[PDB]
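In structure tokens, one chain follows: the form deposited in one PDB entry.
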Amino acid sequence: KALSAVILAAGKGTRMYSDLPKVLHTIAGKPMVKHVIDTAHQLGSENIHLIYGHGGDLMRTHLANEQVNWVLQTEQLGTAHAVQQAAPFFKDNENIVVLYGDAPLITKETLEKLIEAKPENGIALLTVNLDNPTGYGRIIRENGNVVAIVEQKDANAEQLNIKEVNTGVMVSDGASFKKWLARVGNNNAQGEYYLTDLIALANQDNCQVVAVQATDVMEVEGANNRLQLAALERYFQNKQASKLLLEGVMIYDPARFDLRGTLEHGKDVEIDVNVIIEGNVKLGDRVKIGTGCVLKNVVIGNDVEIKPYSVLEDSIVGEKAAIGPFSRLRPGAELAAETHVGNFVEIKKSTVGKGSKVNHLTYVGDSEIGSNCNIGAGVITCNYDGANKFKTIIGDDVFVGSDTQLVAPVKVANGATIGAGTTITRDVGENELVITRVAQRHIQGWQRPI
């Protein structure tokens, strides 16, 4: 049977105290609503109906590329009213799962189980057991099926001790949604049209409502403020870390590890404390990451060691390379196999060839460096004033003496040797030695002012 999703995301999120609407705040680097959209897609949803309202323009800009049907809800008259805005687009004989944009941790596995348990022409309701269920609607079962959701203020002493409560997440066919939504009223203290009332309406029609318990309480938790959001973040990171640990990644402390994207890994990977992995990251076999590193959108080959406090982005590092500590790889940094990048070195939009070393106090930008080069401490690639970031081309087996400035556009051919303290503006030929002639004044018997 086909499937489509409805995601409620119209909320202002007042207690976030933000200019953003509620569902755009991030978990693991990605909006809460994007998590739910992805999960909806994982389930094989044909359509995803996004009910939006507050911060409409921001929603549109932040989620511009998402494959969803944009359903504007001008007035927040209740969860049933929200879902009914998308109802005209429901296929009569597809299943519809209702999800909430502020509850990002809900898993595919739990939702697959919910959908499977849905009886024909009936409802599958996602429930959860709370140790303190105070305030939530209690699930009343009579011979396997949900006959009522009894609210806190209505429940008797016996019912108050029921720990199983309603989450509001549910599945039913499109025809049934269209039918029952038109029959939901707002005769209550809040004057709202509640999706909850579908359970009563289903029982009225002698249609079966089946309860399906969520395994994890936190999986169905929503975030109404940033304290709650921080709790979801930590639960999520702990779970990501646990999975990686069971896959054989050595994470020294999973409470001090953050993944904000996707990690692909080989075997015997070691990640020390306080590492942050962002975007799409790939690590080969036996990669070692030291404390305090940040990797965003990088590919790291086999047997690479990244030493502490290194920051890498949009970069590629070949096998057996050595990076850090205190190294900076900026976008377009491409390090070949067996290369070396050391402390207080910045590499931007440059390729560095096999075996080459750049180990101290150096800036290399917009450059091509060949194989087995020695880039001395203090070397800087620079431009003339008013230039448009021109390129420095360094061949193979070149020695560049310490504290030399390479002034682009310039080429240094294979086997060239450049002395310390040189200013290179003209191209250097193959096997050309360039050394600076210094003039110095020597004054003997100069007593220092001490």
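Quick note: we count residues from 1 along the sequence shown, nothing fancier. In this text, the rigid core denotes the largest set of C-alpha atoms whose superposition between the two forms falls within 1.5 Å.
What comes next is about the form deposited in another entry, which does not appear here.
Fit the rigid core and compare the CA positions between the shown form and the other one: of 230, 160, 217, 255, just 160 moves by 2 angstroms or more. Once both forms are overlaid on the rigid core, the distance between the two CA positions of residue 324 between the shown form and the other one is under 2 angstroms. Once both forms are fitted on their rigid core, the CA atom of residue 138 lies 2 Å or more apart between the shown form and the other one. After superposition on the rigid core, the Cα of residue 147 moves by 2 Å or more between the shown form and the other one.
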